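Next up: just one chain, as structure tokens, the form deposited without the partner chain.
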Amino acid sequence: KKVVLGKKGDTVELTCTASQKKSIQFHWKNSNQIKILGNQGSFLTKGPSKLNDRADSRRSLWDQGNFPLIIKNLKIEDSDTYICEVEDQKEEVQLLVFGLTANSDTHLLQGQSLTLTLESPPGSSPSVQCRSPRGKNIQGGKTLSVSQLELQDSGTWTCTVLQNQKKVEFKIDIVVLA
């Protein structure tokens, strides 16, 4: 069902739209049924889980049949199936948080292998397509690599990743001396 991918550090918003009579009783949970957030009657109630100080909702839409789940500071461990339950309707949504980093420090001199990675979640091995201002790209996933570094690289590289029919991209900055 809903595959939604996030970028480590940034926020995401999953969707949960109801088929009811506008604005009702609902809640979001994680794979194991520990409640994340819902509604003590008319307002929002977030449990005590590991995501409380960073989980949220938009109660203004609990009027037009929508109950989202907002998460800030995306951690890769934040990945797992979340479930929304709006009255008699259940809705599965898997979150895959991906983080692309520069196993160097995102800087480099003129001539040495540049290594990135892609730190994955509890349930995945992903595919990377990092282009570069200079057309080409590398492949693989968990670690990519290069070999030598042609000085025309202190610009913007582009880095896409697509999971279970869905995609995200980490456009990065690289630096090359002389």
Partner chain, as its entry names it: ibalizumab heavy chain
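Here, rigid core means the biggest group of C-alpha atoms that superpose within 1.5 Å across both forms. Numbering follows the first chain given and starts at 1.
The discussion below concerns the form deposited with the partner chain bound, not included here.
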Looking in the deposited bound form, any heavy atom of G123 within 4.5 Å of the partner chain?
yes
According to a 4.5 angstroms non-hydrogen atom cut-off, is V175 in contact with the partner chain in the deposited bound form?
no
Taking any heavy atom pair closer than or equal to 4.5 Å as contact, tell me whether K136 reaches the partner chain in the deposited bound form.
no
Heavy atoms within 4.5 Å of the partner chain in the deposited bound form: does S154 have any?
no
None of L108, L100, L96, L74 but one has a heavy atom within 4.5 Å of the partner chain in the deposited bound form; the exception is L96
Counting only heavy atoms, which residues in 47-63 are within 4.5 Å of the partner chain in the deposited bound form?
none
Against the rigid core, a Cα displacement of 2 Å or more between the shown form and the other one applies to just one of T11, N164, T15, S19. Which?
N164
Would the C-alpha of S42 be classed as shifted by 2 Å or more between the shown form and the other one after rigid-core alignment?
yes
